[PDB]
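Take any residue in the sequence shown, note its place counting from 1, add 1, and you have its number in PDB author numbering. Even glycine gets a Cβ: it sits at the ideal position worked out from N, Cα and C. The structure appears below as C-alpha coordinates.
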Amino acid sequence: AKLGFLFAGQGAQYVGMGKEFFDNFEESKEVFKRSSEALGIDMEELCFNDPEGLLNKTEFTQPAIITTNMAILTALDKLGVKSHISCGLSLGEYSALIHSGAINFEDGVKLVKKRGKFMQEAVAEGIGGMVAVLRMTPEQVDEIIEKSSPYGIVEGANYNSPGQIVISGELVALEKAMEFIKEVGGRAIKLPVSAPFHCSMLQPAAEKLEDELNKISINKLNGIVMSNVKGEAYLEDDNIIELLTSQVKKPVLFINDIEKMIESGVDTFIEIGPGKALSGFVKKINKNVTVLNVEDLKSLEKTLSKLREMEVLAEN
(Lines of atoms letter the chains of each structure in order from A and count residues from 1; the text may use other names and numbers.)
(Lines give C-alpha, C1' and ligand atoms only; values in the text may rest on other atoms or scores of the structure.)
Protein backbone atom coordinates (compact mmCIF):
# COMPACT_ATOMS: atom_id res chain seq x y z
CA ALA A 1 0.00 0.00 0.00
CA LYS A 2 0.80 3.79 0.02
CA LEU A 3 4.50 4.76 0.52
CA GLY A 4 7.72 3.20 -0.81
CA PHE A 5 11.20 4.51 0.16
CA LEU A 6 14.04 4.80 -2.37
CA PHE A 7 17.54 5.44 -1.08
CA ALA A 8 20.10 7.42 -3.08
CA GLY A 9 23.34 5.83 -4.23
CA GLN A 10 26.75 6.37 -5.78
CA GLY A 11 26.87 9.26 -8.28
CA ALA A 12 24.39 11.55 -6.51
CA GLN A 13 26.87 12.77 -3.84
CA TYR A 14 27.87 16.44 -3.60
CA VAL A 15 29.70 18.73 -1.20
CA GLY A 16 27.25 20.08 1.39
CA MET A 17 24.80 17.15 1.20
CA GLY A 18 23.27 16.45 4.63
CA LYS A 19 24.16 19.87 5.99
CA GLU A 20 20.64 21.39 6.02
CA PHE A 21 19.29 18.39 7.91
CA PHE A 22 22.36 18.40 10.15
CA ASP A 23 21.70 22.03 11.15
CA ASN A 24 17.92 21.77 11.45
CA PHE A 25 17.18 18.38 13.00
CA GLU A 26 18.83 17.14 16.21
CA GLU A 27 18.30 13.50 15.22
CA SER A 28 20.13 14.17 11.92
CA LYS A 29 22.98 15.83 13.83
CA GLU A 30 23.10 12.71 16.04
CA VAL A 31 23.37 10.37 13.04
CA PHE A 32 26.50 12.20 11.82
CA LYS A 33 27.99 12.04 15.31
CA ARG A 34 27.47 8.26 15.37
CA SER A 35 28.94 7.78 11.89
CA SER A 36 32.03 9.72 12.87
CA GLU A 37 32.38 7.66 16.07
CA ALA A 38 31.96 4.39 14.18
CA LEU A 39 34.39 5.28 11.35
CA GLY A 40 36.94 7.30 13.34
CA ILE A 41 36.77 10.04 10.70
CA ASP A 42 35.15 13.48 10.59
CA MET A 43 32.03 12.65 8.55
CA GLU A 44 30.63 16.17 8.95
CA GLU A 45 33.73 17.63 7.30
CA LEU A 46 33.75 14.91 4.62
CA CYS A 47 30.15 15.59 3.59
CA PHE A 48 29.87 19.33 4.19
CA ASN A 49 33.31 20.48 3.04
CA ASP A 50 35.32 17.59 1.54
CA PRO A 51 38.71 19.38 2.08
CA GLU A 52 40.81 16.32 1.11
CA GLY A 53 38.80 15.61 -2.06
CA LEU A 54 37.45 12.19 -0.97
CA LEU A 55 33.75 12.52 -1.81
CA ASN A 56 34.19 11.06 -5.32
CA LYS A 57 36.48 8.25 -4.13
CA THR A 58 34.18 5.21 -3.86
CA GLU A 59 35.64 3.93 -0.55
CA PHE A 60 34.58 7.29 0.92
CA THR A 61 31.51 8.02 -1.25
CA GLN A 62 29.71 4.96 0.08
CA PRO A 63 29.74 5.70 3.86
CA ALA A 64 29.24 9.37 3.03
CA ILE A 65 25.95 8.67 1.21
CA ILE A 66 24.84 6.01 3.70
CA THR A 67 25.21 8.52 6.56
CA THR A 68 23.42 11.23 4.61
CA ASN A 69 20.54 8.85 3.72
CA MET A 70 20.18 7.90 7.40
CA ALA A 71 20.29 11.49 8.73
CA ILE A 72 17.40 12.36 6.37
CA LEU A 73 15.45 9.17 7.07
CA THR A 74 15.63 9.70 10.87
CA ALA A 75 14.12 13.20 10.58
CA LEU A 76 11.46 11.90 8.20
CA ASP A 77 10.71 9.23 10.84
CA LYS A 78 10.21 11.78 13.66
CA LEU A 79 7.85 13.69 11.34
CA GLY A 80 5.66 10.55 10.98
CA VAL A 81 6.66 9.74 7.40
CA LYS A 82 7.08 5.98 7.29
CA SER A 83 7.02 2.98 4.97
CA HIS A 84 7.68 -0.76 5.09
CA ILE A 85 8.55 -1.19 1.39
CA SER A 86 11.93 0.11 0.21
CA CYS A 87 14.89 -0.37 -2.10
CA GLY A 88 17.94 1.29 -3.57
CA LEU A 89 20.14 1.14 -6.67
CA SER A 90 23.34 -0.69 -5.74
CA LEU A 91 24.50 1.26 -2.63
CA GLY A 92 21.04 2.39 -1.41
CA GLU A 93 20.14 -1.29 -0.89
CA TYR A 94 22.21 -0.95 2.29
CA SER A 95 20.13 2.02 3.51
CA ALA A 96 17.02 -0.08 2.90
CA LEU A 97 18.42 -3.03 4.94
CA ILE A 98 19.36 -0.68 7.81
CA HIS A 99 15.87 0.87 7.65
CA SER A 100 14.53 -2.70 7.93
CA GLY A 101 16.61 -3.39 11.06
CA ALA A 102 18.48 -6.26 9.34
CA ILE A 103 21.72 -4.34 9.70
CA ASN A 104 22.73 -1.85 12.36
CA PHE A 105 23.64 1.69 11.22
CA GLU A 106 27.20 1.66 12.70
CA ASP A 107 27.83 -1.73 11.04
CA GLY A 108 26.23 -0.37 7.89
CA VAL A 109 28.60 2.57 7.55
CA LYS A 110 31.73 0.56 8.42
CA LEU A 111 30.74 -2.18 5.97
CA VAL A 112 30.11 0.01 2.91
CA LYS A 113 33.45 1.79 3.32
CA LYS A 114 35.10 -1.63 3.00
CA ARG A 115 32.82 -2.55 0.08
CA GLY A 116 33.60 0.68 -1.76
CA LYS A 117 37.30 -0.01 -1.29
CA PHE A 118 36.91 -3.56 -2.63
CA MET A 119 34.81 -2.54 -5.65
CA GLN A 120 37.30 0.18 -6.66
CA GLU A 121 40.40 -2.01 -6.19
CA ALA A 122 39.07 -5.24 -7.83
CA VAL A 123 40.16 -4.28 -11.35
CA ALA A 124 43.21 -2.13 -12.19
CA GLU A 125 42.64 1.40 -13.56
CA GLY A 126 42.16 1.58 -17.34
CA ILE A 127 41.09 -1.99 -18.07
CA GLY A 128 37.35 -2.03 -17.38
CA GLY A 129 34.56 0.55 -17.47
CA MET A 130 30.85 1.15 -17.89
CA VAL A 131 28.64 2.20 -20.79
CA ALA A 132 25.18 3.80 -20.72
CA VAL A 133 22.90 2.17 -23.34
CA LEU A 134 19.90 4.13 -24.63
CA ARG A 135 16.76 3.13 -26.59
CA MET A 136 17.37 -0.62 -26.45
CA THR A 137 15.29 -3.34 -24.80
CA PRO A 138 17.10 -5.89 -22.59
CA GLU A 139 16.66 -8.46 -25.38
CA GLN A 140 18.48 -6.22 -27.87
CA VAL A 141 21.26 -5.68 -25.37
CA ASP A 142 21.55 -9.48 -25.12
CA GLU A 143 22.25 -9.54 -28.84
CA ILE A 144 24.95 -6.85 -28.39
CA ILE A 145 26.50 -8.76 -25.46
CA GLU A 146 26.52 -11.86 -27.73
CA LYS A 147 28.37 -10.09 -30.54
CA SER A 148 30.82 -8.35 -28.20
CA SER A 149 31.82 -11.29 -25.97
CA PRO A 150 34.53 -12.69 -28.29
CA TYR A 151 36.39 -9.39 -27.69
CA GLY A 152 36.31 -9.82 -23.93
CA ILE A 153 33.96 -9.45 -20.97
CA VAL A 154 30.73 -7.53 -21.46
CA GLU A 155 27.67 -8.08 -19.28
CA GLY A 156 24.50 -6.20 -18.27
CA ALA A 157 25.25 -4.03 -15.21
CA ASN A 158 22.10 -1.91 -14.63
CA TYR A 159 18.48 -2.07 -15.79
CA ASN A 160 17.18 1.27 -14.64
CA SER A 161 14.15 2.12 -16.81
CA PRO A 162 12.74 1.53 -20.37
CA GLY A 163 15.53 2.53 -22.77
CA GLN A 164 18.04 3.02 -19.90
CA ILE A 165 20.52 0.17 -19.42
CA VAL A 166 24.16 0.09 -18.29
CA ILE A 167 26.67 -2.50 -19.49
CA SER A 168 30.12 -3.12 -18.01
CA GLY A 169 33.24 -5.17 -18.63
CA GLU A 170 36.59 -4.78 -20.36
CA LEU A 171 37.14 -1.46 -22.12
CA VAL A 172 38.41 -3.15 -25.23
CA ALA A 173 35.19 -5.24 -25.50
CA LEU A 174 33.01 -2.29 -24.43
CA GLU A 175 34.42 -0.34 -27.39
CA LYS A 176 33.14 -3.03 -29.75
CA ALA A 177 29.72 -3.09 -28.04
CA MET A 178 29.41 0.67 -28.60
CA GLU A 179 30.10 0.11 -32.34
CA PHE A 180 27.45 -2.65 -32.46
CA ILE A 181 24.90 -0.51 -30.55
CA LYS A 182 25.27 2.29 -33.15
CA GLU A 183 24.76 -0.03 -36.12
CA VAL A 184 21.35 -1.07 -34.79
CA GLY A 185 19.92 2.36 -33.89
CA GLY A 186 20.69 2.55 -30.19
CA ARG A 187 23.04 4.98 -28.48
CA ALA A 188 25.96 4.23 -26.21
CA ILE A 189 27.75 6.63 -23.88
CA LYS A 190 31.02 5.71 -22.22
CA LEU A 191 30.48 6.59 -18.57
CA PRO A 192 33.23 8.49 -16.70
CA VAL A 193 33.91 5.62 -14.27
CA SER A 194 37.08 3.52 -14.23
CA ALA A 195 35.66 0.37 -12.58
CA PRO A 196 33.47 -2.32 -14.22
CA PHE A 197 30.84 -2.43 -11.49
CA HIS A 198 28.25 -5.23 -11.56
CA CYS A 199 29.98 -7.71 -13.83
CA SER A 200 31.93 -10.90 -13.17
CA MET A 201 35.19 -8.87 -13.11
CA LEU A 202 34.28 -7.79 -9.58
CA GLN A 203 34.48 -11.40 -8.40
CA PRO A 204 37.47 -10.49 -6.14
CA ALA A 205 35.44 -7.74 -4.42
CA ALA A 206 32.51 -10.13 -3.87
CA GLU A 207 34.80 -12.63 -2.05
CA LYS A 208 36.28 -9.85 0.13
CA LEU A 209 32.84 -8.44 0.89
CA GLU A 210 31.57 -11.94 1.78
CA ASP A 211 34.38 -12.33 4.36
CA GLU A 212 33.46 -8.95 5.88
CA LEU A 213 29.71 -9.68 5.85
CA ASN A 214 30.37 -12.95 7.75
CA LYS A 215 31.92 -10.94 10.65
CA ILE A 216 28.94 -8.70 11.45
CA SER A 217 25.53 -9.31 13.03
CA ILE A 218 22.62 -9.66 10.62
CA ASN A 219 19.04 -9.61 11.89
CA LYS A 220 15.61 -10.49 10.54
CA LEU A 221 14.15 -7.85 8.17
CA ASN A 222 11.22 -5.71 9.10
CA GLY A 223 8.98 -4.91 6.16
CA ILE A 224 9.92 -5.46 2.55
CA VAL A 225 13.25 -4.72 0.93
CA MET A 226 13.74 -5.30 -2.79
CA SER A 227 16.85 -7.15 -3.90
CA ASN A 228 18.78 -5.64 -6.83
CA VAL A 229 20.08 -9.16 -7.66
CA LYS A 230 16.67 -10.88 -7.55
CA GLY A 231 14.53 -8.10 -9.06
CA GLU A 232 12.09 -8.79 -6.20
CA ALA A 233 11.71 -8.91 -2.42
CA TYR A 234 14.13 -10.52 0.02
CA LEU A 235 12.34 -13.55 1.46
CA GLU A 236 13.15 -14.78 4.96
CA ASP A 237 14.62 -18.06 3.62
CA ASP A 238 16.98 -16.08 1.35
CA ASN A 239 20.65 -15.79 2.23
CA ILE A 240 21.26 -12.08 2.84
CA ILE A 241 25.09 -12.27 2.69
CA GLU A 242 24.93 -14.05 -0.68
CA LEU A 243 22.46 -11.58 -2.19
CA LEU A 244 24.81 -8.78 -1.06
CA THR A 245 27.86 -10.69 -2.29
CA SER A 246 26.22 -11.27 -5.72
CA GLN A 247 25.06 -7.60 -5.95
CA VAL A 248 28.50 -6.11 -6.73
CA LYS A 249 29.17 -8.63 -9.53
CA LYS A 250 25.64 -9.14 -11.02
CA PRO A 251 23.08 -6.90 -12.81
CA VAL A 252 21.14 -4.30 -10.79
CA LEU A 253 17.54 -5.11 -11.67
CA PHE A 254 16.28 -1.68 -10.50
CA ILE A 255 13.40 -1.58 -12.99
CA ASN A 256 12.11 -4.97 -11.76
CA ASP A 257 12.42 -3.76 -8.14
CA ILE A 258 10.22 -0.72 -8.87
CA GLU A 259 7.74 -2.87 -10.82
CA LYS A 260 7.40 -5.24 -7.83
CA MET A 261 7.02 -2.32 -5.43
CA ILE A 262 4.10 -1.08 -7.57
CA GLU A 263 2.71 -4.65 -7.76
CA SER A 264 2.87 -4.66 -3.97
CA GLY A 265 0.69 -1.54 -3.91
CA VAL A 266 3.05 1.43 -3.53
CA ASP A 267 1.52 4.46 -5.22
CA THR A 268 3.85 7.04 -3.65
CA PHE A 269 7.65 6.92 -3.96
CA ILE A 270 9.88 9.01 -1.74
CA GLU A 271 13.52 9.21 -2.82
CA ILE A 272 15.62 9.74 0.30
CA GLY A 273 19.16 11.11 0.19
CA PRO A 274 21.09 13.22 -2.29
CA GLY A 275 19.82 13.80 -5.80
CA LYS A 276 16.84 12.92 -7.96
CA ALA A 277 18.22 10.10 -10.12
CA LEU A 278 15.81 7.43 -8.79
CA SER A 279 12.81 9.73 -9.02
CA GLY A 280 13.79 10.20 -12.66
CA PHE A 281 13.83 6.44 -13.27
CA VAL A 282 10.48 5.81 -11.51
CA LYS A 283 8.65 8.51 -13.51
CA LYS A 284 9.80 6.77 -16.74
CA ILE A 285 8.76 3.33 -15.45
CA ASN A 286 5.28 4.51 -14.44
CA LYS A 287 3.90 7.96 -15.17
CA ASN A 288 0.91 7.66 -12.80
CA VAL A 289 2.40 7.06 -9.35
CA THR A 290 3.31 10.00 -7.14
CA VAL A 291 7.04 10.58 -6.98
CA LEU A 292 8.69 12.76 -4.33
CA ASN A 293 12.17 13.31 -2.90
CA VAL A 294 13.91 14.65 0.21
CA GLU A 295 17.54 15.88 0.16
CA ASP A 296 17.20 19.35 1.73
CA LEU A 297 14.76 21.83 3.27
CA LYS A 298 13.02 22.79 0.01
CA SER A 299 12.41 19.18 -1.10
CA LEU A 300 11.40 18.22 2.46
CA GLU A 301 8.74 20.92 2.56
CA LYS A 302 7.50 20.07 -0.93
CA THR A 303 7.30 16.41 0.16
CA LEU A 304 5.57 17.09 3.50
CA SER A 305 3.17 19.46 1.72
CA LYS A 306 2.18 16.71 -0.73
CA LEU A 307 1.81 14.14 2.07
CA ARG A 308 -0.48 16.49 4.04
CA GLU A 309 -2.83 16.84 1.04
CA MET A 310 -3.18 13.03 0.85
CA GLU A 311 -3.69 12.61 4.61
CA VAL A 312 -6.39 15.34 4.65
CA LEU A 313 -8.06 13.49 1.74
CA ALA A 314 -7.98 10.45 4.05
CA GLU A 315 -9.94 12.41 6.71
CA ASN A 316 -13.15 11.69 4.81
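Can residue i and residue j be called in contact, C-beta distance under 8 Å?
i	j	result
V226	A125	no
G170	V155	yes
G102	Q141	no
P275	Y15	yes
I73	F22	yes
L254	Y160	yes
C88	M311	no
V110	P52	no
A196	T246	no
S162	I42	no
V230	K191	no
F6	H100	yes
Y235	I241	yes
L4	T269	yes
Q11	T62	yes
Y152	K177	yes
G117	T59	yes
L244	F119	no
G17	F49	yes
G164	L135	yes
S280	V292	yes
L172	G130	yes
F106	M71	yes
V267	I146	no
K277	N289	no
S37	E45	yes
Using the beta-carbon count (16 or more within 10 Å), is residue i buried or exposed?
i	result
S306	exposed
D212	exposed
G19	buried
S149	buried
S218	exposed
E272	buried
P252	buried
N215	exposed
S84	buried
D258	buried
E296	buried
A189	buried
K34	exposed
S228	buried
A315	exposed
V313	exposed
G81	exposed
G157	buried
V185	exposed
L298	exposed
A123	buried
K183	exposed
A13	buried
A2	exposed
Quick one: what's residue i bridged to in DSSP?
i	result
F8	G89 and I273
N294	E272
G170	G130 and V155
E233	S228
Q165	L135 and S162
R188	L135
For this session: Mind the definition here: the segment 75–83 touches the segment 24–40 only if three or more C-beta pairs lie below 8 Å; say whether that holds.
Result: yes
Exercise. Does the segment 126–146 come close enough to the segment 166–180 to have 3 or more Cβ pairs within less than 8 Å?
Worked result: yes
Exercise. Taking the runs of the alpha helix (DSSP H) that are 4 residues or longer, which of them lie wholly in the segment 71–158?
Worked result: 93–100, 106–122 and 139–149
Exercise. Going along the chain, which unbroken runs of the beta strand (DSSP E) with 3 or more residues stay wholly within the segment 236–292?
Worked result: 269–273
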